[PDB]
Amino acid sequence: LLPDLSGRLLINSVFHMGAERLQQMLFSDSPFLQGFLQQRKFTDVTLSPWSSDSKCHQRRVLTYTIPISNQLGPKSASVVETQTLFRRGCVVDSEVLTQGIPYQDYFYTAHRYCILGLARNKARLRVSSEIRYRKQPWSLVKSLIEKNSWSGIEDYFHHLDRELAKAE
Ligand SMILES: C[C@H](CCCC(C)(C)O)[C@H]1CC[C@H]2[C@@H]3CC=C4C[C@@H](O)CC[C@]4(C)[C@H]3CC[C@]12C
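Count the sequence shown with the deposited numbering and you get residues 364 to 451, 457 to 536, in order.
#1: Under DSSP, the beta strand (DSSP E) around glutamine 467 begins and ends at which residues?
#2: Could you tell me the distance, in whole angstroms, from the CA atom of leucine 389 to the CA atom of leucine 400?
#3: Assuming the contact rule is C-beta atoms closer than 8 angstroms, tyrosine 427 and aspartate 407 should be a hit. Round their C-beta distance to whole Å, please.
#4: Could you give the DSSP three-state label for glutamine 446: helix, strand or coil?
#5: Identify the continuous alpha helix (DSSP H) that holds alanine 535 and give its terminal residues.
#6: Give a single yes or no on whether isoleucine 521 has its beta carbon closer than 8 angstroms to a heavy atom of ligand 1.
#7: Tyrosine 474 and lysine 503 look like a contact to me (Cβ under 8 angstroms); what is the Cβ gap, rounded to whole Å?
#8: Buried or exposed for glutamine 397, going by 16 or more other Cβ atoms inside 10 Å?
#9: Return the CA-CA distance between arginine 488 and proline 470, expressed in angstroms with no decimal places.
#10: To which residues of the same chain is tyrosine 524 closer than 8 angstroms at the C-beta, ignoring the five residues directly before and after it?
Take a look at the structure:
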């Protein structure tokens, strides 16, 4: 059904972990995801359980404070995230709103995780992303949002791919 996003393909790896286990690791209050957000220096991390009243999907929300490295404005920011899980393995859509940064009103980002089982203890992981503009900033500003966002997005997910790798 649902395809990739018209932005970039961040992750496309095959792991020798079950789709169930891999799903448990990424989309729950797992010690993996805990030890990982700690590793990328995220503070004030707060998770919610998945909703239940819905029939075809579920929803949760996350929040956490992140460090900003790009010499532009604050040296930290808050991030409210919303995840919707569709069981099929599974797929989950993520809306990430970063607050407290420059030009926060201009844009937000979307990400899609695809988990497809392959064998008893083997599954694939795909992650595509895209940038979504509520309003169009002029050339100078937009180039900067594209540049800094994709650098922080790739740096995040590439490290996420490596940590799942060393997890066995
Ligand atoms: C702070 C930067 C860029 C700031 C741009 C500017 C122009 C204010 O310097 C923002 C833009 C997009 C943000 C990421 C969106 C996707 C997620 C995935 C989630 O699991 C964890 C947070 C993360 C990595 C955001 C980090 C901050 C980002 C890079």
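Virtual Cβ for every residue (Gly too), placed ideally from N, Cα, C.
Straight from the coordinates:
#1: 458-467
#2: 11 angstroms
#3: 6 angstroms
#4: Assigned with DSSP and collapsed to three states, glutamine 446 falls in strand.
#5: Neither: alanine 535 is in no alpha helix (DSSP H) and is coded neither H nor E.
#6: yes
#7: 6 angstroms
#8: exposed
#9: 46 angstroms
#10: Same-chain partners within the cutoff: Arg403.
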